[PDB]
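A quick write-up on the structure given underneath.
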10 protein chains.
Amino acid sequence: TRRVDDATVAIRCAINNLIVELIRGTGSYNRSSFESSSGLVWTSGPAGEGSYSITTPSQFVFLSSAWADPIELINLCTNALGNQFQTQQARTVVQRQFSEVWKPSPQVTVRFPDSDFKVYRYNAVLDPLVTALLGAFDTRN
Amino acid sequence: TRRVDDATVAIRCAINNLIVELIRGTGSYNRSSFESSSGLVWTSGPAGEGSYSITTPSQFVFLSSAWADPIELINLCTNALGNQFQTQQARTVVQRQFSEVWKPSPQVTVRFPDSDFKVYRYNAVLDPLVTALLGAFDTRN
Amino acid sequence: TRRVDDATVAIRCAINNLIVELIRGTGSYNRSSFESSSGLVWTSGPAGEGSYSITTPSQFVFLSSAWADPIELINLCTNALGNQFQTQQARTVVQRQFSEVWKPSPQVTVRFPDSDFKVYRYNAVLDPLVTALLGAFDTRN
Amino acid sequence: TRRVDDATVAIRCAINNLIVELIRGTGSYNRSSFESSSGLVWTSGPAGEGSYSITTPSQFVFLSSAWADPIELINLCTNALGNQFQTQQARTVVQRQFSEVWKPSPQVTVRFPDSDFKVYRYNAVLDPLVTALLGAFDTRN
Amino acid sequence: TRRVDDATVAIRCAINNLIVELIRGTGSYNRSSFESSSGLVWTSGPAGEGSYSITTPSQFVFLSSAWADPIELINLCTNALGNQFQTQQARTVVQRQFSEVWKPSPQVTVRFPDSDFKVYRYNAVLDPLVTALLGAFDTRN
Amino acid sequence: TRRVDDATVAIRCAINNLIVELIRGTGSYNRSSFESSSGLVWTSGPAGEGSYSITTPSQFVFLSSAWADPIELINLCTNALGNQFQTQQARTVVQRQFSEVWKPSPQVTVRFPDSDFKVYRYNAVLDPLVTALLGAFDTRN
Amino acid sequence: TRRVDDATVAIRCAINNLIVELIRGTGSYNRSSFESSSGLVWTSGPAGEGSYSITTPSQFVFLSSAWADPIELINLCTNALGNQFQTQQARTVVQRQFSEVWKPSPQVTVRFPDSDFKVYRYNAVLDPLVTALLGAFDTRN
Amino acid sequence: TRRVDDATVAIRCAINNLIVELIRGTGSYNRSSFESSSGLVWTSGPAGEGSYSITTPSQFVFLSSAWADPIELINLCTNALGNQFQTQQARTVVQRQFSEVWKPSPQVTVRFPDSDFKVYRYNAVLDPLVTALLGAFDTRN
Amino acid sequence: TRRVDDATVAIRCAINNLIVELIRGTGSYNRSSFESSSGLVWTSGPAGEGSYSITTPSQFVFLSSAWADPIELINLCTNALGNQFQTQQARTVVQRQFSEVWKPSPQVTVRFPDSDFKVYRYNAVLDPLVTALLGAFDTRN
Amino acid sequence: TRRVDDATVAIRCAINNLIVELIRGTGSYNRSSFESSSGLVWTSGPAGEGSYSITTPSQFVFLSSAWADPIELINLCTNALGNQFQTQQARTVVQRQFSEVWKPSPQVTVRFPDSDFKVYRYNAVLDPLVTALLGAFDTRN
C-alpha cells in the first residue's frame with residue numbers, strides 16, 4: 001500500500017494547476033483594482049493618516065491576512081517542484097510555506113500599497129487551487 | 001518490486017527529452033528577445049539607474065528566479081547522465097541541482113543582462129520538460 | 001558534564017553583544033556612506049545601466065553577499081532569544097539564520113539601493129560580533 | 001541533581017523583576033513620546049498616506065517587531081506565575097509567549113498608533129529584564 | 001534473479017557500439033570543421049586575444065564541457081572491456097570515467113585548438129551511444 | 001576526549017585569519033600585476049591567438065590551477081562560519097570547497113583575463129593561511 | 001546452479017579462437033604495413049625527430065594504446081590455458097593480462113618501430129575475438 | 001552429484017590420448033625439420049652470432065615458449081597417471097606441470113638446438129590433445 | 001594511541017616541503033638542460049628518427065619513467081592538501097598519485113620533448129622530498 | 001607491539017640505499033665489461049653459433065639467472081616507494097618483484113647481448129644491497 005506515490009502525483013498536479021494561473025497573473029491586484037472590486041474607498045483624513053470606509057462586512061476578508069508577493073509566491077512554486085514529496089518533512093514544510101506566504105497588506109488604517117501588486121488568497125479563481133494544493137499535502141505515511 | 005529500475009529509465013528519458021531542446025537553443029533569451037516577448041520596456045531614468053514598466057501583472061514571472069546560464073545548465077545534463085540513479089542520494093542531489101540552477105537575472109530595477117543569454121524556466125516548451133524531470137526524481141526506494 | 005548549559009550562556013551573551021550595536025545602528029550603510037567608505041564610484045553609462053569602477057581588489061568584499069536588512073536582522077535577534085538553546089535543533093537552525101541573512105545588495109552592475117539601508121557583515125565593529133555568535137552555536141551535545 | 005528547582009526560582013524572580021517595572025509603566029510609549037525620543041518625524045504627504053524620515057540608522061530598531069500591548073503583556077505575567085515551571089512544557093510555552101508578544105506597531109509608512117500605548121522591547125530599563133527572563137527559561141531537564 | 005548478468009551484457013554491447021564509431025573517427029572535429037558546422041566565426045581582435053560571435057543560442061552547447069581527446073577516450077574503451085562489470089565498483093567507476101572525460105576545449109574567448117582534434121559529446125551519431133552507455137551502468141545489485 | 005571541540009576552534013581561527021587578508025585584497029591579481037610579478041610576457045602572435053614566453057620553469061605554477069574568483073571565495077568564508085564543525089560532514093565538505101575553489105585562469109595559450117581579478121593560491125601571504133585552513137579540517141572524530 | 005562450469009568452457013573456447021588467428025599471424029603489422037593501411041605518412045623533419053601527418057581523425061586509434069608484442073601475447077595464451085578458471089582470481093587476473101598487454105608503440109612524434117612487429121587490438125579480425133575473450137571472464141561466482 | 005568421478009575419467013582419457021602420439025614421436029622437431037617446416041632461415045652473420053629471417057609473422061609462434069624436452073614430457077605422463085585425480089591439489093598441480101613444461105628453445109637470435117629434439121605445443125596433431133588435457137583438469141569440486 | 005594524527009601532520013609537512021621547491025621550479029628540465037646535465041647527445045640519423053648516445057650507464061636513469069608534467073604535478077599538491085588524511089583511503093590513493101605521476105618522456109630513440117618542461121623524480125633536490133612524502137603515507141591505522 | 005612500523009622504515013631505507021647505487025650505474029655491464037671482468041672468452045665457432053670457454057667454475061655464476069634490465073629495475077624502485085608497506089600483500093608482492101627481476105641474459109651458448117646493458121645480481125657492491133632489501137620484506141605481521 002504505497003499511498004504516498006499517489007499523493008506525490010496529487011501534490012504535483014496541484015502545484016502545476018496553480019502555476020498555470022499565477023503565470024497569467026490572474027489574482028493579482030494593485031491599489032486601483034483592489035479598491036475597485038472590493039468597493040473600499042479611501043478617504044484622505046489629515047494629515048498623513050487615513051482609512052477605508054466599510055459599506056458591507058464582506059469586505060473584512062480583503063483586509064485579513066490574504067496577500068502574497070507575486071514573485072515570492074511564484075518562487076515557492078519553482079522550488080517546490082524540486083522536492084522529494086515521497087518524504088513527510090517535504091510535504092509538511094512546503095505546505096507550511098503555502099500557508100504562511102499569505103500576509104496582510106491592506107488594513108482599515110493602512111491603504112493598499114502604492115505601486116506594488118499582491119496576490120489574493122480568496123480570489124475567485126485562485127481560491128480552489130490554493131485550497132486543493134494545501135490539502136494534497138495532507139497525507140499520512 | 002523494483003520500482004527504482006523504472007524510475008531510473010524515467011529519469012533518463014526525462015534528461016534526454018530536455019537536452020533535445022537545450023541543444024536547439026529553444027528557451028534562451030537575450031536582452032532583445034526578453035524585452036520583446038515579455039513586453040517590459042526599460043526607461044532610462046538617470047543617472048546609471050533605471051527600471052522596467054509593468055503593464056500587466058503576468059510579467060512578474062519574468063522577474064522571478066527563473067533564469068539559468070545555458071552552459072551551466074547543459075553541463076548539469078551532461079554530468080547527470082553519469083550518475084547511479086538506482087541510488088537515492090543521486091536522485092535527491094541532481095534533482096536539487098535542477099531546482100536551484102534557476103536564479104534571477106532580470107529585476108524591476110536591474111535591466112536584463114547586456115550581452116549574455118539566459119534560459120527561461122517557464123518558457124512554453126521547456127516548462128513541461130523541466131517539470132517532468134524534477135518530478136521523475138520523486139520516487140521512494 | 002553539562003557543556004550545553006555553558007553554551008546556552010555563551011550563545012545568549014553573543015546575541016546580546018550583537019544587539020547592543022545593532023541598536024546604535026553601527027554597521028548600517030546607505031548609497032551615500034557605502035560609496036563614500038568603499039571608494040566605489042558609480043559612472044552613469046547610458047541608458048539605465050551603469051557600473052562601479054574598481055580601484056583596488058579589496059573592494060570586492062563590499063560586492064559579495066554581505067548585506068542584511070536592518071529590520072529583518074534585528075528581528076532574528078528578537079526571536080532568537082526566545083529559543084531553547086539547550087536543544088540542538090535550536091542551535092543549528094538559528095545559526096543558519098545568522099549565516100543566510102547576509103545576501104548581496106550591491107553589485108558591479110547594480111548600484112547600491114537608492115534609499116534603503118543595509119548592514120555590512122564585515123563592518124569593523126560588527127565583524128567580530130557576528131563571528132563569535134555564529135561560533136558559539138558550534139557545540140556538540 | 002535537581003537543577004530545575006533552582007530554575008523555577010530563577011524564572012519566578014525574573015517574572016517578578018519585570019512586573020515591578022511594567023507596573024510603574026516604564027517602557028510604555030504613545031505617538032508623542034515615541035516620536036519625541038526616537039527622533040522620527042512624520043511628514044504628512046497626501047492624501048491619507050505618509051512616512052517617517054530616517055535621520056540615523058539606529059532608528060530602524062524602533063520600526064522593527066518590538067512593540068507589545070501593555071495589557072496583553074501584563075496579563076502574560078499574571079498567568080505566568082500560575083504555571084508549573086518544574087515541568088518542561090511550561091518553560092517552553094510561556095517562554096515562547098514572552099518572545100512572540102512583541103509585534104511591530106510603527107512602520108516607515110505606518111505612523112505610530114493614534115491614542116494607544118505600546119511597550120518597547122529595547123527600552124533601556126526593560127531590555128535587560130525581558131532578556132534575563134527569556135534566558136531563565138533555557139534549562140535542560 | 002541475476003539481473004547483473006544481463007547488465008554485464010548490456011554494458012559490453014554499449015561499449016562495443018561506441019567503439020565502432022570512434023574507430024571510424026565520426027564525431028571528431030578540428031578547428032576547421034568545428035567552426036564550419038557550428039557557425040561560430042572567430043574575429044581576430046587584437047592583440048593576441050579574440051572571440052567567437054554567437055549568432056544563435058544553440059551554439060552555446062558547442063562551448064560547454066563537451067570535448068574529449070580522441071586517444072584518451074578510445075583508451076577508456078580499451079581498458080573498460082577489461083573490467084568485472086559483475087561488480088558494482090566497476091560499473092560505478094568506469095561510468096564516472098565516461099562522464100568526466102568530456103571537458104571544454106572551445107570557449108567564447110578561447111578559440112578552438114589549433115591543430116588537435118576533439119570528440120563532441122553531442123555529435124548527432126555519438127550522442128545516443130554515449131548516452132545508452134552511461135545509462136547501462138545504472139543497475140542496482 | 002573531545003578533540004573535536006578543539007578542532008572546531010582551530011577551523012574557525014583558520015577561517016578568520018584568512019578573511020583578514022582577503023578583506024585587504026592581498027593576493028588578488030589582474031592582467032597587469034599578474035604579468036608584472038610573474039614575468040610572463042604575452043606576445044601577440046596573429047590572428048586572435050597568442051602565448052606567454054616562459055623564461056624560467058618557476059612560472060609554471062602561475063599557469064596551474066591556482067586561481068579563484070575573489071567574490072566566490074570570500075563567500076565561502078561567509079557561509080563557512082555558519083556551519084556545525086562539530087560534525088564530520090561539515091569538516092569534509094567545506095574543506096573540499098576550499099580545495100576545489102582554485103581553478104586555472106591563466107594558460108600558456110590563454111592570456112590572463114582582461115579586466116577581472118583572481119586570487120593566487122600560492123601568493124606569499126595567502127599560501128600559509130589557505131594551507132593551515134585546509135589542514136585544520138583534517139581531524140578524526 | 002554451477003554457472004562457473006559454463007564460463008570455464010566459454011573462457012577456453014575464447015582463448016582457442018584467438019590463438020587460431022594469432023598463429024596465422026593475422027593482425028600483426030610492421031612499419032611498412034602499419035603506414036600502408038593506416039595512411040599515416042612519416043615526414044622526416046630534421047634532425048632526428050619527425051612526425052606523422054593526420055589526414056582523417058579515424059587514424060587516432062592507430063596511435064592509441066593498441067599494440068602488443070606478438071610473442072608476449074601468444075605466451076599469455078599458452079599460460080592462460082594452464083589456469084583454474086573455476087576460481088575467481090584466475091578469471092580476474094588473466095583477464096587483466098589480456099587488457100594491459102596492449103600498450104602504445106606508434107605515436108604522432110614517434111615513428112612505428114623500425115623492424116619489430118606489433119599486434120593491433122582493433123584489427124578487423126582480432127577485434128571481435130579479443131573482445132569476446134575479455135567478456136567471457138566477466139562472470140559472478 | 002559426484003562430478004569428480006567423471007572428471008577423473010576425462011583427465012585419464014586425456015593423458016592416454018596424448019601419450020599415444022608422444023610415443024609415435026609426432027610433434028618432435030630437430031634443427032632440420034624445425035627450419036624446414038617453419039620456413040625460418042638461419043643466416044650466419046659473424047662471428048659466433050646469427051639470426052633467423054622472418055618472412056611472415058605467423059613464424060613468431062615457433063619462436064615463443066612452445067617447446068618441451070620429449071623425455072621430460074613423456075615422464076610427466078608416466079607419473080601423472082599415478083595420481084589421485086579425485087583430489088583437487090592433484091588436478092591443480094599436474095595441470096600446472098602440463099602448462100609450464102613448454103619453454104622456449106628457438107629465438108630470433110638463438111638458433112634451434114644443434115642435435116636435440118623438442119616437442120611443439122602448437123603442432124597440428126598435438127595441439128588439440130594438449131588443450132583438451134589442460135582443460136579436463138578444470139573442474140570445481 | 002592516535003598515531004594517525006601524527007601521520008596527518010607528517011604527510012602535510014611533506015607536501016608543503018615539496019611545494020616550496022616546485023614553486024621555485026627547481027627540478028624542471030627542458031630539451032636543453034636535460035641534454036646538458038645528463039650528457040646524452042642526440043645524433044640526427046635520418047630520416048625523422050634518431051637516438052641518444054650513452055657514454056656511461058648512469059644515464060639510464062634519465063631514460064626511465066622519471067618525468068612528470070610540472071602543472072599536473074603541482075595540481076596534485078594543491079588538491080592533496082584538501083584531503084582527510086585521518087582516513088586510510090586518502091593516504092592510499094594520493095600516495096599512489098605521487099607514485100604514478102612519474103612517466104617516461106625521454107627514451108633512447110625518442111628525443112626529449114621539443115618545447116615542454118618536465119620534472120625529474122631523481123633530481124638532487126626533489127629526490128629526498130618526493131621520497132619522504134611517499135613514505136609519510138605509509139602508516140597503519 | 002607495532003613491529004611493522006619499524007619494518008616499513010627498514011624496507012624504505014633499503015630501497016633508497018639500492019637506488020643510490022643504481023643511479024651511479026654501478027653494477028651495470030655490457031658485452032665488453034662482462035667478458036673483461038668475468039674472463040669468459042667468446043670463440044666464434046661457425047656458422048652463427050658460438051660459445052664461451054670456462055676456465056674456472058666460479059664463472060658459472062655469471063651465466064646463471066642474475067641479470068636485470070637497468071630501466072625495468074630502476075622503475076621497480078620508483079613504484080616501490082609508492083606502496084603501503086604497513087600491509088602484508090605489499091611486502092610480499094614487491095619482494096617477489098625484486099626476486100624475479102633477475103633473469104639470465106648470458107649463457108654458455110648465448111653470447112652476452114650486443115649493445116644493451118644488464119645489472120648483475122652478484123656485483124660486489126649491489127649484492128649486499130639487493131640482499132638486505134629482499135630480507136627487510138621478511139616480517140611477520
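Labels used: A, B, ... for chains in the order of the C-alpha cells, numbers from 1 for residues in each chain, and numbers from 1 for ligands as shown.
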Closest atom pairs, stretch 42-135 of chain A residues within 10 Å of stretch 48-64 of chain B, only C-alpha atoms, as JSON lines:
```
{"residue": "A:69", "atom": "CA", "partner": "B:60", "partner_atom": "CA", "distance": 9.8}
{"residue": "A:70", "atom": "CA", "partner": "B:60", "partner_atom": "CA", "distance": 6.7}
{"residue": "A:71", "atom": "CA", "partner": "B:64", "partner_atom": "CA", "distance": 5.4}
{"residue": "A:72", "atom": "CA", "partner": "B:64", "partner_atom": "CA", "distance": 7.7}
{"residue": "A:73", "atom": "CA", "partner": "B:64", "partner_atom": "CA", "distance": 9.4}
{"residue": "A:74", "atom": "CA", "partner": "B:61", "partner_atom": "CA", "distance": 7.0}
{"residue": "A:75", "atom": "CA", "partner": "B:64", "partner_atom": "CA", "distance": 6.6}
{"residue": "A:78", "atom": "CA", "partner": "B:64", "partner_atom": "CA", "distance": 9.5}
{"residue": "A:116", "atom": "CA", "partner": "B:57", "partner_atom": "CA", "distance": 9.8}
{"residue": "A:117", "atom": "CA", "partner": "B:57", "partner_atom": "CA", "distance": 7.4}
{"residue": "A:118", "atom": "CA", "partner": "B:57", "partner_atom": "CA", "distance": 9.3}
{"residue": "A:119", "atom": "CA", "partner": "B:57", "partner_atom": "CA", "distance": 9.9}
```
Helix (DSSP H, G or I) per DSSP on the backbone: members of chain J, as a PyMOL selection string
chain J and resi 3-5+7-24+31-38+57-60+70-80+88-100+126-136
So the first atom is atom CA of residue J:124 and the second is atom CA of residue J:107; what is the distance between them in Å, to one decimal place?
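Atom-to-atom, atom CA of residue J:124 and atom CA of residue J:107 are spaced 20.7 Å apart.
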Quick check, in Å to one decimal: how far apart do atom CA of residue C:83 and atom CA of residue C:98 lie?
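Computed distance, atom CA of residue C:83 to atom CA of residue C:98, equals 14.1 Å.
Those residues in chain C carrying a DSSP assignment of strand (DSSP E), computed from the backbone, are residues 28, 29, 41, 42, 43, 51, 52, 53, 67, 68, 118, 119 and 120 of chain C.
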Let's have the selection written as a PDB file, in the first residue's frame, with N, CA and C atoms.
```
ATOM      1  N   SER C  28      25.439  50.081   9.585  1.00  0.00           N
ATOM      2  CA  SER C  28      24.375  50.299   8.606  1.00  0.00           C
ATOM      3  C   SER C  28      24.767  51.371   7.580  1.00  0.00           C
ATOM      4  N   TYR C  29      24.629  51.039   6.300  1.00  0.00           N
ATOM      5  CA  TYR C  29      25.080  51.903   5.220  1.00  0.00           C
ATOM      6  C   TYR C  29      23.934  52.220   4.268  1.00  0.00           C
ATOM      7  N   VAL C  41      32.995  54.182  -7.169  1.00  0.00           N
ATOM      8  CA  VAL C  41      32.340  55.311  -7.805  1.00  0.00           C
ATOM      9  C   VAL C  41      31.465  54.844  -8.952  1.00  0.00           C
ATOM     10  N   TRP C  42      30.202  55.248  -8.918  1.00  0.00           N
ATOM     11  CA  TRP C  42      29.240  54.863  -9.936  1.00  0.00           C
ATOM     12  C   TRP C  42      29.322  55.812 -11.115  1.00  0.00           C
ATOM     13  N   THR C  43      29.639  55.272 -12.286  1.00  0.00           N
ATOM     14  CA  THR C  43      29.665  56.063 -13.515  1.00  0.00           C
ATOM     15  C   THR C  43      28.420  55.758 -14.338  1.00  0.00           C
ATOM     16  N   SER C  51      27.805  51.103 -13.818  1.00  0.00           N
ATOM     17  CA  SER C  51      28.700  50.217 -13.085  1.00  0.00           C
ATOM     18  C   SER C  51      29.644  50.960 -12.154  1.00  0.00           C
ATOM     19  N   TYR C  52      30.163  50.236 -11.167  1.00  0.00           N
ATOM     20  CA  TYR C  52      31.170  50.767 -10.263  1.00  0.00           C
ATOM     21  C   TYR C  52      32.545  50.564 -10.873  1.00  0.00           C
ATOM     22  N   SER C  53      33.481  51.440 -10.532  1.00  0.00           N
ATOM     23  CA  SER C  53      34.841  51.331 -11.033  1.00  0.00           C
ATOM     24  C   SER C  53      35.754  50.865  -9.913  1.00  0.00           C
ATOM     25  N   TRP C  67      25.274  41.729   2.820  1.00  0.00           N
ATOM     26  CA  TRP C  67      24.289  42.717   3.277  1.00  0.00           C
ATOM     27  C   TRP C  67      22.963  42.145   3.792  1.00  0.00           C
ATOM     28  N   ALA C  68      22.513  42.644   4.945  1.00  0.00           N
ATOM     29  CA  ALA C  68      21.225  42.233   5.510  1.00  0.00           C
ATOM     30  C   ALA C  68      20.340  43.426   5.835  1.00  0.00           C
ATOM     31  N   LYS C 118      21.467  49.044   4.643  1.00  0.00           N
ATOM     32  CA  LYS C 118      21.871  47.650   4.715  1.00  0.00           C
ATOM     33  C   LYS C 118      22.920  47.484   5.805  1.00  0.00           C
ATOM     34  N   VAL C 119      23.038  46.274   6.341  1.00  0.00           N
ATOM     35  CA  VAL C 119      24.014  46.006   7.381  1.00  0.00           C
ATOM     36  C   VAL C 119      25.168  45.185   6.806  1.00  0.00           C
ATOM     37  N   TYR C 120      26.394  45.621   7.087  1.00  0.00           N
ATOM     38  CA  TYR C 120      27.584  45.072   6.446  1.00  0.00           C
ATOM     39  C   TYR C 120      28.244  44.015   7.309  1.00  0.00           C
TER      40      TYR C 120
END
```
Contacts of chain A with chain B up to 6 Å, shortest pair per row, only C-alpha atoms, as CSV:
```
residue,atom,partner,partner_atom,distance
A:23,CA,B:58,CA,5.7
A:24,CA,B:58,CA,5.0
A:25,CA,B:58,CA,4.1
A:71,CA,B:64,CA,5.4
A:79,CA,B:99,CA,5.9
A:82,CA,B:99,CA,5.1
A:84,CA,B:138,CA,5.2
A:86,CA,B:140,CA,5.6
```
Could you please take those selected residues and save C-alpha atoms as a short mmCIF file (atom, residue, chain, number, x, y, z; two decimals), in the first residue's frame?
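Written output follows (part-v1.cif):
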```
data_model
loop_
_atom_site.label_atom_id
_atom_site.label_comp_id
_atom_site.auth_asym_id
_atom_site.auth_seq_id
_atom_site.Cartn_x
_atom_site.Cartn_y
_atom_site.Cartn_z
CA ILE A 23 1.65 32.84 -14.85
CA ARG A 24 -1.36 34.53 -16.45
CA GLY A 25 -1.30 36.87 -13.46
CA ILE A 71 7.31 36.93 -7.08
CA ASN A 79 11.44 25.40 -5.72
CA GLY A 82 12.32 20.35 -6.69
CA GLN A 84 11.06 14.78 -2.57
CA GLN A 86 7.77 10.91 -1.11
#
```
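If you look at atom CA of residue G:8 and atom CA of residue H:26, they are 29.3 Å away from each other.
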